[PDB]
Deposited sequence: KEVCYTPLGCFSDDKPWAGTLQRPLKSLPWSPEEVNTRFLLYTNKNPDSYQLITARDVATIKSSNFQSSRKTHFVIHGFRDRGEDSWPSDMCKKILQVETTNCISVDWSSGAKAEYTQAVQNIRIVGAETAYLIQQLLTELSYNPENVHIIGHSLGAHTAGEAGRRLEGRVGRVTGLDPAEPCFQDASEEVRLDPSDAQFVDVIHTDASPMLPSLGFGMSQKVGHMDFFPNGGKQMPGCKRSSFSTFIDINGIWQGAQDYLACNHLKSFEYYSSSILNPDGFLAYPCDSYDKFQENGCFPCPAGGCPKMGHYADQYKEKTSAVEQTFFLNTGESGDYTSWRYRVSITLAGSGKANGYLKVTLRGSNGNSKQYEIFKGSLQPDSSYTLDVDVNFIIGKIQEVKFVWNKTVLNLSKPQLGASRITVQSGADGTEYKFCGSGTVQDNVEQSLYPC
């Protein structure tokens, strides 16, 4: 029970578009007009106001600052979001401070203001609007599709994968910023987003808890050549866990219930200006990562999660290549990972915290509990940690340690050695603290 439209063609309401386990009711997309898809063009020439372009009137493009010479970034929002002044436009601007390029924000606000179930269908339209606009950068200005990068959030991610599929995977890259779960997880690839929709698909997963009984709006399913899982991808730091601004029904609700879903475009937008800020590490599971595994960055380097992911040598050597890492709690959310070993010393057996600080070069870190437990002489005790900022080179630690069981002597403990290390490369820095002062000191171990 299909319906056709302008140059965009037809939309069959039957499987897998509807009457799926994933999409139980049968509906059809709105009209192009009803959706009001709008391509807004930013280029280094005009980094503030945009140029309304249209694939319907080629004149609007040719007479615009669009540069057939350069890459083109598309940024598509999702359910109940907008292009005009929300984050997508904000994101285009950031992209133009670092590369000379065309960045378009795909605003379909009015169509994404529908009821989720409908919205899940309007997405098909915007796919086509977009795909179509690309089919006419090729025909009109011989603009190679493999120069196009589509970046979509939530429903937008699937939107982008849609356009991508309309162009037989000719499009060079689509990036999925926490692709929506409801109606997509475990569905035909025809309807969702999968590695086949572009030459390169990379995904950031920030809200991959189960949508049902549980409300994790993000897909847990791997759908890219690369699927990144910041902080394990289920609970992002800075957020406390779990549309018409619910904030007018229940004050705080929106933010509360969407914060993790949104960290996907947060992290990405910051990677644009901070490439070295989000290095993913390959691993089987986040726990292996969290339990001091898969460290440090591998042979060639860690992929940069985010904007500069397309620089990874083996970016498409496989599908569902998964990586893990930890972001910051706020600001630009950049964290760097270091390994920290401590082998014990002394005579008497104690119990306690095993804190640490860092001076590096740039600033100084925070306290860093590397261990709590039994402190038997000359053993060893490592733990990987996350430095929410860019320091430099260690060789300037501090130590400190506190009590858990109160007495059995009060021994002269210290720390024989403290193997430091970077994640990026492998730069150890390790130190000798010959002089095992008892308790609660800033015994500054130093180079050797």
property	result
Deposited positions lacking CA coordinates	243-246
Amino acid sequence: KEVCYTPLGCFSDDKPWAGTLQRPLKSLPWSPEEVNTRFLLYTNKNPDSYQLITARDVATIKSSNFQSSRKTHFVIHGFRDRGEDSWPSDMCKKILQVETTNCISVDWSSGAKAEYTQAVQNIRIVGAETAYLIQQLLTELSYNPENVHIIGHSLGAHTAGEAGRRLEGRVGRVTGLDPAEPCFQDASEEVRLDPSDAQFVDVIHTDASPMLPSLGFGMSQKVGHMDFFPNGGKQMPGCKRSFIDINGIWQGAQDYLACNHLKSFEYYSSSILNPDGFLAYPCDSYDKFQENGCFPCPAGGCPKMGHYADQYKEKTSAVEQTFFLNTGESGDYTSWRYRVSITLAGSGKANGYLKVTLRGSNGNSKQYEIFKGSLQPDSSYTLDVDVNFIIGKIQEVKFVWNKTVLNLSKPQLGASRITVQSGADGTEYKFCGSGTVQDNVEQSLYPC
From here on, numbers count along this sequence of modelled residues.
| item | value |
| --- | --- |
| Residue range whose averaged C-alpha B-factor is higher in the record, 54-62 or 407-415 | 407-415 |
| Mean Cα B-factor comparison, 135-143 or 84-92, giving the higher one as deposited | 135-143 |
| Residue selected from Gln97, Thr334, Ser347, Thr159 by maximal Cα B factor | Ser347 |
| Candidate set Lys372, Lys113, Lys263, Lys234 [ranked by C-alpha B-factor, highest] | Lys372 |
| For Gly328, the third of its chain into which the C-alpha B factor falls | middle |
| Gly152 - Cα temperature factor, lowest/middle/highest third of chain | lowest |
| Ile244 - Cα temperature factor, lowest/middle/highest third of chain | highest |
| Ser209 - Cα temperature factor, lowest/middle/highest third of chain | lowest |
| Third of chain Cα B-factors occupied by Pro195 | lowest |
